[PDB]
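Q: Protein chains in written order, with our numbering: chain A, 4 to 51; chain E, 465 to 744; chain C, 545 to 743.
Just so it is clear, CB atoms sit at the ideal spot from N, CA and C, and this is done for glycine as well.
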Amino acid sequence: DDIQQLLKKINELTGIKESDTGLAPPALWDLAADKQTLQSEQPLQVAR
Amino acid sequence: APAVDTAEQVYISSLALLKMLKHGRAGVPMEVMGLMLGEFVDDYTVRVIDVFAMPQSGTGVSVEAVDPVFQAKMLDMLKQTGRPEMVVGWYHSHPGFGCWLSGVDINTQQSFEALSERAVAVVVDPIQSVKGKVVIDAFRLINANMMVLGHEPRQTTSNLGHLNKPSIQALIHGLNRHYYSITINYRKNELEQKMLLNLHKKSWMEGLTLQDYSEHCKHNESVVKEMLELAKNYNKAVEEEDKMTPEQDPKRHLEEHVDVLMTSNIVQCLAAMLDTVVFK
Amino acid sequence: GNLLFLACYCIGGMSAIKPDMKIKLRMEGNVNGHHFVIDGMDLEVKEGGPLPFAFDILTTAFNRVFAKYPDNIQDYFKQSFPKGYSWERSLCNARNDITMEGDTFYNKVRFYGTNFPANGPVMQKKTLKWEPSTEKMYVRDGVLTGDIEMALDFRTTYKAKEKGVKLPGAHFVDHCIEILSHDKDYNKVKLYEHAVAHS
Ligand SMILES: [Zn+2]
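#1: Is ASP685(C) near ligand 2, with its Cβ less than 8 Å from a heavy atom?
#2: Is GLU577(E) close to ligand 1? I mean its beta-carbon at under 8 Å from any heavy atom of the ligand.
#3: Per DSSP, what kind of secondary structure is residue 439(E) in: helix, strand or coil?
#4: Taking 9 Å as the CB-CB cut-off, is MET565(C) touching chain A?
#5: For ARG633(C), list the residues DSSP reports as bridge partners.
#6: Does any C-beta atom of chain C lie closer than 9 Å to the C-beta of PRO28(A)?
#7: Determine, for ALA35(A), whether the minimum Cβ-Cβ distance to residues of chain C falls below 9 Å.
#8: What residue range does the beta strand (DSSP E) around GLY488(E) cover?
#9: Give the single residue among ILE646(E), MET541(E), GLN712(E) whose Cα lies nearest to the Cα of residue 408(E).
#10: Does any residue of chain E bring its CB to less than 9 Å from the CB of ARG608(C)?
#11: In terms of alpha-carbon separation, which member of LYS652(C), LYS612(C), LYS734(C) lies closest to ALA36(A)?
#12: May I ask you to report which of helix, strand or coil DSSP gives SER645(E)?
#13: Measuring alpha carbon to alpha carbon, tell me which residue in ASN649(E), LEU672(E), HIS664(E), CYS733(E) is nearest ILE513(E).
#14: Pull up the distance between the alpha-carbon of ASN640(E) and that of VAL505(E), whole angstroms please.
#15: Quick check on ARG684(C): does DSSP put it in helix, strand or coil?
#16: Using three-state DSSP, classify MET611(E) as helix, strand or coil.
#17: If you follow the alpha helix (DSSP H) that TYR620(C) is in, where does it begin and where does it stop?
#18: So which residues put a beta carbon under 7 Å from any heavy atom of ligand 1, going in chain order?
#19: Name the two residues that bound the continuous alpha helix (DSSP H) containing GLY553(E).
#20: Going by DSSP in three states, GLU591(C) sits in which element: helix, strand or coil?
#21: Just to confirm, are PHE606(C) and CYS636(C) a CB contact at a threshold of 9 Å?
#22: Distance, Cα to Cα, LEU738(E) vs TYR677(E)?
#23: Taking Cβ to Cβ, would you say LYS705(C) is nearer than 9 Å to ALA598(C)?
#24: Specify the secondary structure class of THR671(C) as computed by DSSP and reduced to three states.
#25: When Cβ atoms are compared, which residues of the region 573 to 593 of chain C fall closer than 8 Å to chain A?
#26: Quick one: residues in its chain with C-beta nearer than 7 Å to the C-beta of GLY592(C), no 5 flanking neighbours on either side, listed in chain order?
#27: If the criterion is Cβ atoms closer than 9 Å, does the pair residue 433(E) and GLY562(E) meet it?
#28: For a contact defined as C-beta to C-beta under 8 Å, what are the partners of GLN48(A) on chain C?
#29: Over what stretch of residues does the alpha helix (DSSP H) that includes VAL510(E) continue unbroken?
#30: Answer with yes or no whether the minimum CB distance from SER575(E) to chain C is below 9 Å.
#31: Are the CB atoms of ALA735(E) and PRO714(E) within a distance shorter than 9 Å?
#32: Under the assumption that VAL468(E) contacts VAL510(E) (Cβ atoms under 8 Å), give the Cβ distance between them as a whole number of angstroms.
#33: Since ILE642(C) meets chain E, which of its residues come closer than 7 Å, beta carbon to beta carbon?
#34: On a Cα-Cα basis, can you pick out the residue from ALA585(E), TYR475(E), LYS537(E), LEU542(E) that is closest to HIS558(E)?
#35: For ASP691(C), list the residues DSSP reports as bridge partners.
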């Protein structure tokens, strides 16, 4: 019983970790232009 | 550099608020808009004395929805009547969308602010304005250079600008990032309030008209029967009180029925006998 | 034959939402050979990559903004709001249009030109600067014509949508427009539009 309880203890405490989103390496970022596109360009729904 | 104080208020007149609500509802589910006239009394006051609607256009609510001919002629002829107030700002209705400014709303507000730095963009939700609460807000803007430099949009000198809390719905739609909410106060003098009081001011007559006596007796019968059932429940509950240490109430309902009975019958008796003795 | 089959049911959830329609401040032109379109005051050419001509030939065509006027000089630019002012610019000609195409508030600054010299100084991309230029603004036939000399003729005409605003007297507004920041390919540009009125 203690072995099972400790196993669940480790499982809940070990966590999740990343969960690392698709972030490009720096110096490839044009955050200014990215914001410009966000505030300027618009999405389009596709259709048949 | 001068900064707009957070204590600045928008004093909307009673007439302006009523016209704004009526026009906003009349255009549901479309978004209607119009111009608010008034005066910038000082750096901390924007008085909206009156607001006139504008003809609906298929564009929606944009800077192309202000027909120059309509605005100019309306202003000229109002000035003839005696209302020579400048165009303080503009208003439009977000039916069920809450109070905030969209990208195009921010755009038209930039256009208006180019006319005068002080200019408000009050919006009103006409279907969320159910009797009681009125869902309406007023926003100006934040200059982009002001925000990017890190300085706060508005200087603060009092608690007036923070008595009310911003809404989440407005906050996600850009509040405190591109536009700031301006506190709204309603200028209601005694005369306007007394005039509005006539809406439900009953009469000099219904103070003297007795209830339909058969209807009165039937109501008395029904309430007394309900009160009998409630008394049975009250007795049953009180018997439990004894065999129960400190650990809907048939009593509270009983008290409410008693109060309604006494008020109804006392009023009916007194009105009846006042009638007997004032009418010969 | 004796099939008599039941029927199941698989629903498909369906919904969408129109966002806040986004104003794209884009200019278009076909001055010499290329249908260049630029978004923008940071400038970025959308289509019509590295220009066969210099940028300056089109930098003068750049609502929502107006020159600074003193209290003595009537600010036709300012009081023409909220609607704004529409102008015809003659260099090559330029006009500003406000349209509702799609879900974008289009503030077109549509450009157009002709009579491009085969070795004119506008296409070799040579450029020093634009020296401060004074526009004499005056009314000819009910239209606010601004005559400006180009130094590096301009016959600007400004008409307000509110055709009731009084016409200011003939004054001399000094414009100082220079290409502040850019790249060699001229695809990431920052423009300066400073201009003050002078009586
Ligand atoms: Zn809106």
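A: Reading from the atomic positions:
#1: As presented, the structure is devoid of ligand 2, carrying ligand 1 as its sole ligands.
#2: Sequence index remark: in the second sequence, residue 577(E) carries index 113 (1-based). No, since every heavy atom of ligand 1 falls outside the 8 Å radius drawn around the Cβ of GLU577(E).
#3: The structure shown does not extend to residue 439(E), since chain E is modelled only from 465 to 744, so the question has no answer here.
#4: For the purposes of this step, residue 565(C) is identified with residue 21 of the third sequence, where counting begins at 1. So, interface residue.
#5: By one-based count along the third sequence, residue 633(C) stands at place 89. Within the DSSP secondary-structure output, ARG633(C) pairs in a beta bridge with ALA638(C).
#6: Against the first sequence, residue 28(A) aligns to sequence position 25. No, its Cβ sits nowhere closer than 9 Å to a Cβ of chain C.
#7: Translated into positions along the first sequence, residue 35(A) becomes position 32. Yes - at least one Cβ of chain C is within 9 Å of the one on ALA35(A).
#8: Counting from one through the second sequence, the residue named residue 488(E) turns up at place 24. Careful: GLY488(E) lies outside any beta strand (DSSP E), inside the alpha helix (DSSP H) at 478 to 490.
#9: Examination of residue 408(E) is not possible in this model, given that chain E is present from 465 through 744 alone.
#10: The residue given as residue 608(C) occupies position 64 in the third sequence. Yes, its Cβ sits closer than 9 Å to a Cβ of chain E.
#11: For this step, residue 36(A) is matched to residue 33 along the first sequence. When each option's Cα is compared against that of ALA36(A), the closest is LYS734(C).
#12: Against the second sequence, residue 645(E) aligns to sequence position 181. In this structure, DSSP gives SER645(E) an extended state, which the three-state scheme calls strand.
#13: Reading the second sequence from its first residue, position 49 is the one you call residue 513(E). A check of alpha carbon separations from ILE513(E) across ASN649(E), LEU672(E), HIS664(E), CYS733(E) identifies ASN649(E) as the nearest.
#14: Your numbering for residue 640(E) matches position 176 in the second sequence. Your numbering for residue 505(E) matches position 41 in the second sequence. Approximately 25 Å between the Cα atoms of the pair.
#15: If you number the third sequence from 1, residue 684(C) lands on position 140. Three-state result, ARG684(C): coil.
#16: Taking the first residue of the second sequence as position 1, residue 611(E) is located at position 147. Helix.
#17: Taking the first residue of the third sequence as 1, we reach residue 620(C) at position 76. Note, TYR620(C): alpha helix (DSSP H), 620 to 623.
#18: That query returns the following residues: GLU495(E), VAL525(E), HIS556(E), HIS558(E), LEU565(E), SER566(E), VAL568(E), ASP569(E), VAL587(E).
#19: Taking the second sequence and counting its residues from 1, one reaches residue 553(E) at position 89. Element bounds for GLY553(E): not the alpha helix (DSSP H) but the beta strand (DSSP E), 550 to 557.
#20: For this step, residue 591(C) is matched to residue 47 along the third sequence. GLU591(C): strand per DSSP, three-state reduction.
#21: Position 62 of the third sequence, counted from the first residue, corresponds to residue 606(C). Position 92 of the third sequence, counted from the first residue, corresponds to residue 636(C). No, the Cβ-Cβ distance between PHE606(C) and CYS636(C) is not below 9 Å.
#22: Reading the second sequence from its first residue, position 274 is the one you call residue 738(E). Reading the second sequence from its first residue, position 213 is the one you call residue 677(E). For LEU738(E) and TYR677(E), the distance between alpha carbons rounds to 16 Å.
#23: Here residue 705(C) is taken as the residue at index 161 of the third sequence, counted from 1. Here residue 598(C) is taken as the residue at index 54 of the third sequence, counted from 1. Not a contact, by the Cβ cut-off of 9 Å.
#24: For this step, residue 671(C) is matched to residue 127 along the third sequence. If DSSP states are grouped into helix, strand and coil, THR671(C) belongs with coil.
#25: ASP583, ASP586, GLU588
#26: Counting from one through the third sequence, the residue named residue 592(C) turns up at place 48. For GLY592(C), where only same-chain residues beyond five positions count, the Cβ hits under 7 Å are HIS578, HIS579, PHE580, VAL581.
#27: This structure gives no information on residue 433(E), because the portion of chain E shown stretches from 465 to 744.
#28: The residue given as residue 48(A) occupies position 45 in the first sequence. Below the 8 Å Cβ cutoff, chain C contributes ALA560 as neighbours of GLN48(A), in chain order.
#29: What you label residue 510(E) is simply residue 46 of the second sequence in a count that begins at 1. No alpha helix (DSSP H) holds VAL510(E); the beta strand (DSSP E) holding it covers 509 to 517.
#30: For this step, residue 575(E) is matched to residue 111 along the second sequence. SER575(E) counts as touching chain C.
#31: For the purposes of this step, residue 714(E) is taken as residue 250 along the second sequence, with counting starting at 1. For the purposes of this step, residue 735(E) is taken as residue 271 along the second sequence, with counting starting at 1. No, they are not a contact pair.
#32: For this step, residue 468(E) is matched to residue 4 along the second sequence. For this step, residue 510(E) is matched to residue 46 along the second sequence. That belief does not hold up - the Cβ atoms of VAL468(E) and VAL510(E) are roughly 10 Å apart, past 8 Å.
#33: Here residue 642(C) refers to the residue found at position 98 when the third sequence is read from its first residue. Under the 7 Å cutoff, chain E gives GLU528.
#34: The residue given as residue 558(E) occupies position 94 in the second sequence. Nearest option by C-alpha distance: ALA585(E).
#35: To locate residue 691(C), count along the third sequence from 1; it is residue 147. In DSSP, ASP691(C) forms a bridge with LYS680(C), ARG699(C).
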